[PDB]
Amino acid sequence: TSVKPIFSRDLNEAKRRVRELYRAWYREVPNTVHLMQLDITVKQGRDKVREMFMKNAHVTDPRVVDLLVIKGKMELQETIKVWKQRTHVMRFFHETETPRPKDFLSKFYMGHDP
Amino acid sequence: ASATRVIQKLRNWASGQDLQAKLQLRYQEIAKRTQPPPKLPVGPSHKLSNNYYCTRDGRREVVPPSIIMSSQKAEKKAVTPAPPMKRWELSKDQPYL
Amino acid sequence: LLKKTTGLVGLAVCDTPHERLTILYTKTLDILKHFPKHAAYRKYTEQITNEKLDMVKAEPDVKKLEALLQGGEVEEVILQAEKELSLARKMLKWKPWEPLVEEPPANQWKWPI
Amino acid sequence: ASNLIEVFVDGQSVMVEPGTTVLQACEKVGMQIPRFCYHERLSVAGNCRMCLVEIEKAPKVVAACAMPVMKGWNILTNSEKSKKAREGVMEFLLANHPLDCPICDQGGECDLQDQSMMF
Amino acid sequence: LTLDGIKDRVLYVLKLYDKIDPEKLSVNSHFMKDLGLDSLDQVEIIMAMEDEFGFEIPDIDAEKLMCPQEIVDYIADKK
Amino acid sequence: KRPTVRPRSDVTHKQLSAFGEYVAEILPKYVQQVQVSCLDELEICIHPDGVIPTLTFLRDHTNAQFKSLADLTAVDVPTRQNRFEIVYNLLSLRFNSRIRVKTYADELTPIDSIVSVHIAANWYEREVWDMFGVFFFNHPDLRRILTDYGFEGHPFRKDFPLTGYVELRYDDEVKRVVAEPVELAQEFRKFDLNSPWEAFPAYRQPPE
Amino acid sequence: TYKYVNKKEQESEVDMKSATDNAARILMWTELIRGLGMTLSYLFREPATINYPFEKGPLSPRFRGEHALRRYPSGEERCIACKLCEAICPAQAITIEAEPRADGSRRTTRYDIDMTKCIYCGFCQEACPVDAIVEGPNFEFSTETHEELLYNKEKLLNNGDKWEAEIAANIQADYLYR
Ligand code: SF4
Ligand code: SF4
Ligand code: FES
């Protein structure tokens, strides 16, 4: 149960890197919304960033947290210099997809998918 | 090929090359679109004897690679992967352009 | 005479190829003397360095020296000696004569699965 | 090794019970001898002659589906004699077999086709 | 160092923060023990301090800036 | 002699075996296995810690001079613990030879990038990261190079589906190119094209 | 061996006549004038343009065009529902469903080939054991809708009945090679 660290010895500086990445994403969201002419507002873009972080927040392996930080830096840098376009940014919101309600009655009425 | 002699001389002088000798438009020298039927030959294995497949099964002669050294299984002069490459000779036909 | 060009872009023409090769091989031997005695890299690199130094000292002609060394042109031989010296320093830092660092898993190199 | 006998498949030693056939010893080692008439839940027939294999220092190939291993036999399964026997038997089957493969329900499920391609 | 000015400017930033209500917030009140926030909420408060003060605060000091009191004396002995 | 069988020269096999012994005894700290195939190709399998010394030695040695990197790739074999096998094919123009260097990694142990040794390793390691998710230490700019912008998942892995998870289409309501969960008008029909009879007895694995 | 494309032997010195030649070359544009002249020569050749659609580009009997399902001279469908064409089809553009016919013959109930998925590689026509599926020489079948390129058995049989006077002749011309 002993492995080689990637960047972080334990969860502490891994969480420090998480906080730095979240800080820079929070900085970049208004610039993203202003530059790429997004229909969304600044508030819900920051909410999207925050709930992405909370989606990934359940992991406590330092290597996995380091790799998630690395991938977040790639996504953020890809947003800094604008290669990721308006469609790629708006892919985070799924506004064109009808969501699937999680109740048994609705999943029974639609089809056989559990 | 239907060009007059005046236009042919003008083209030859203007390009510096003999153009009527090598025309890029094919007129009659190409092969006929209808050909006599062929008869393709057969290969070396088309024989009725001494042709057992085990004697010519190249696919089954492949062996697993020979382990030179393994970490679990396993004064001399230094060597190279091959003798050094011989220097290329200059072209005797046209060495320079 | 002197070579007008080496035939390779970005490679200069060395007007003193014997002295440069001599000092490069001497520096290579001197840095190889710091290696452990049982180092196979030290033994082999000393073998090639000694052979090439002997051939350089034996042949004073540039073209015959290139034909003897058969490593391209003498400028390429000088560049290879420089890279061998840097590699000798890197081997001395890395110490690869030690035993195997960590055994691979049991089916790490088993193909096919 | 009480009531067990040592036999060899391609030089590899293996313990077998008495009455174990050559084909059974070969599949105990891990090689499937070609077969057409042998089924492990049917009685032994021994007629298709596809399981003919060469025993070391034996001039005649034996049918692995019916012949039991005796003692210390070296079963050369991938020998020249065994390959020639398999080639001859498949040639004799496909001599009178009809060219019905596209109109056959046994398209990719054909032991005859697969053993043709393999042996 | 304009202690009262930096103090009520920090309190104004905390009032302006939309997630937390003004009524139970105090100077010595603690972010997770009292206010029920998250570490992400805490670093959002720190970034509000950033863009309202104009000077950088490193990630290291953020885990010590845990009540408005540490914020106000940190800017007091930093400015 | 046989017109249907590829001719075999054993001098290349002897030379590559000698060079494999040479490299193995020069670097016993990292080299884990040395093999020469029936195709006369030398493969040297090393520890991930010795990627930089092995590549530097092969590039800068007088007897090696493997100054040209043929390619850098990864093979996903998801039955072993370190499922990504990183393969470096190198070419020696001085000695007219080719060599292969293998190492291993999994999803959570990155290996050292060799951009300092060969410059094509920049884009090749970018490709390996984009296709397999193998991180590379000390890279100048490791990012995606082939997938879509913001593509989630590494598609050359064995467990990644062939058709993927999302597909793009133009939505007129939002006037954009949007991503949907993938739905195929005709499903890709998988074919079980494996004969139940063993083809090559030379590669017969022993029973478990 | 090897040769030099830009290297020149030794030196041609620096002579006054050579300097005057170079100065005349880059002052009176001699290479420009000769390039103009041979472009004028091509102005005075004959164009290589054929008169489409009244003239057609030459082809070969091997040409892989629009797919078609052939018949025997009796009129029976050549296809025997053996599915090797869809087994070998590298783009998976062939879908086949089959059942015994009322007289018990092994025939297809569905034979769909997607032109928008097909790569026009001839693997079906070279894997067909009875010369049923062919890539006939039709290529002028561009449609205005995506649906019209989704062929079924009726469309393929209609194509085979339409192009049989040419497909059979091409197969007669080329079948000795294959
Ligand atoms: S020509 Fe088209 S239909 Fe025929 S096998 Fe090739 S891709 Fe499939
Ligand atoms: S290969 Fe020929 S006979 Fe067989 S199913 Fe296809 S079209 Fe029909
Ligand atoms: S399997 Fe038929 S003879 Fe043995």
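Select from the range G:100-141 the residues that are of a type in the set (A, V, I, L, M) and not in a loop (DSSP other than H, G, I, E, B) and write down the one among them that is farthest from ligand 1 (Cβ to nearest atom). Among those that are of a type in the set (A, V, I, L, M) and not in a loop (DSSP other than H, G, I, E, B), it is G:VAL134.
Identify all residues within the range C:27-50 that are facing another protein chain (nearest Cβ under 9 Å) and not hydrophobic (A, V, I, L, M, F, W, C); write none if there are none.
C:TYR41, C:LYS43, C:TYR44, C:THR45, C:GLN47, C:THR49, listed by residue number.
The set of residues in the range G:41-76 being within 14 Å of chain B (Cβ to nearest Cβ), hydrophobic (A, V, I, L, M, F, W, C) and assigned to a loop (DSSP other than H, G, I, E, B) consists of G:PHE44, G:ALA48, G:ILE50, G:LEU59, G:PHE63.
What helices (runs of 4 or more DSSP H) completely inside chain E contain at least 2 residues that are of a type in the set (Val, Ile, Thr) and surrounded by 15 or more Cβ atoms within 10 Å (Cβ to Cβ)?
Numbers: elements: E:3-16, E:39-53, E:59-62, E:68-78.
The qualifying helices (runs of 4 or more DSSP H) are E:3-16, E:39-53, E:68-78.
Inspect the range G:151-161 for any residue being of a type outside the set (S, T, N, Q), within 16 Å of ligand 1 (Cβ to nearest atom) and either under 18 Å from the mean Cα position of the chain (by Cα) or assigned to a loop (DSSP other than H, G, I, E, B) (or both) and give the result as yes or no.
no
Note on the range F:62-115: residues that are crowded, with 18+ Cβ neighbours inside 10 Å, part of a loop (DSSP other than H, G, I, E, B), within 14 Å of chain B (Cβ to nearest Cβ) and among the charged types (D, E, K, R) total 1. Screening the candidates G:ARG70, G:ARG45, G:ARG106, G:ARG78 for the property of being among the charged types (D, E, K, R) and more than 31 Å from the chain's Cα centre (by Cα) yields one hit, G:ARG106. Annotation: G:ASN159 fulfils all but one of (1) within 14 Å of chain D (Cβ to nearest Cβ); (2) within 16 Å of ligand 2 (Cβ to nearest atom); the unmet one is (1).
Going through G:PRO53, G:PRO90, G:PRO58 one at a time, which residue ends up being within 16 Å of ligand 1 (Cβ to nearest atom) and out of contact with any strand residue (DSSP E or B) (no Cβ under 9 Å at 6 or more places or on another chain)? Even if it seems obvious, please write down each step before you answer.
Details: G:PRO53 fails: within 16 Å of ligand 1 (Cβ to nearest atom); G:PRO58 fails: within 16 Å of ligand 1 (Cβ to nearest atom).
Exactly one residue qualifies, and that residue is G:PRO90.
Whenever a residue of the range G:77-93 is within 11 Å of chain D (Cβ to nearest Cβ), its partners that are near ligand 1 (Cβ under 10 Å from one of its atoms), lying with C-beta atoms within less than 6 angstrom and at least six residues away or across chains, give the pairs G:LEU84/G:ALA127; G:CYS85/G:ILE94; G:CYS85/G:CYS124; G:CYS85/G:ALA127; G:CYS85/G:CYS128; G:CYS85/G:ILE133.
For the range A:36-84, a residue qualifies if it is at the interface with chain F (Cβ under 10 Å from one of its Cβ atoms), closer than 21 Å to F:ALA179 by Cα and assigned to a helix (DSSP H, G or I), and the qualifying residues are A:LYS71, A:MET74, A:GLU75, A:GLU78, A:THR79.
Which one of these is touching an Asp or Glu at 6+ places or on another chain (Cβ under 8 Å) and among the basic types (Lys, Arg): F:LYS1, F:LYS29? F:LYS29 is the lone residue from the list that is touching an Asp or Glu at 6+ places or on another chain (Cβ under 8 Å) and among the basic types (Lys, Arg). Filtered by the rule that a residue be in contact with a helix residue (DSSP H, G or I) (Cβ under 8 Å, 6 or more places away or on another chain) and either closer than 30 Å to D:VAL9 by Cα or not in a loop (DSSP other than H, G, I, E, B) (or both), the range F:166-178 gives F:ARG176, F:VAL177, F:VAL178. Is it the case that some residue within the range D:97-112 is within 16 Å of ligand 3 (Cβ to nearest atom) and among the β-branched types (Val, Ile, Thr)? No, the range D:97-112 has no match at all.
Can you tell me which residues in the range C:52-65 are more than 9 Å from every other protein chain (Cβ to nearest Cβ) and assigned to a helix (DSSP H, G or I)? So that I can check it myself, show each step before the final result.
First, the residues of the range C:52-65 that are more than 9 Å from every other protein chain (Cβ to nearest Cβ): C:53-65.
C:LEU53, C:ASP54, C:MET55, C:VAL56, C:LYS57, C:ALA58, C:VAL62, C:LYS63, C:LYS64, C:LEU65 - these are the residues of the range C:52-65 that are more than 9 Å from every other protein chain (Cβ to nearest Cβ) and assigned to a helix (DSSP H, G or I).
The requirement of being away from chain D (no Cβ under 14 Å), of a type in the set (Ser, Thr, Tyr) and touching a helix residue (DSSP H, G or I) at 6+ places or on another chain (Cβ under 9 Å) is satisfied by G:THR116. Within the range G:131-154, residues that are more than 22 Å from G:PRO73 (Cα to Cα) sit with their Cβ atoms under 8 Å from residues that are among the basic types (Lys, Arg) and away from ligand 3 (no atom under 16 Å from the Cβ), at 6+ positions apart or across chains, in these pairs: G:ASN152/G:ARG110. Within the range F:37-50, the set of residues being closer than 12 Å to F:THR103 by Cβ, surrounded by fewer than 22 Cβ atoms within 10 Å (Cβ to Cβ) and either of a type in the set (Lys, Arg) or more than 7 Å from chain C (Cβ to nearest Cβ) (or both) comprises F:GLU43, F:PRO48.
Note that we place each Cβ from the backbone using ideal geometry, even for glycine, and neighbour counts take in every protein chain shown. Here, each number is a calculation from the coordinates, and none is a lab measurement.
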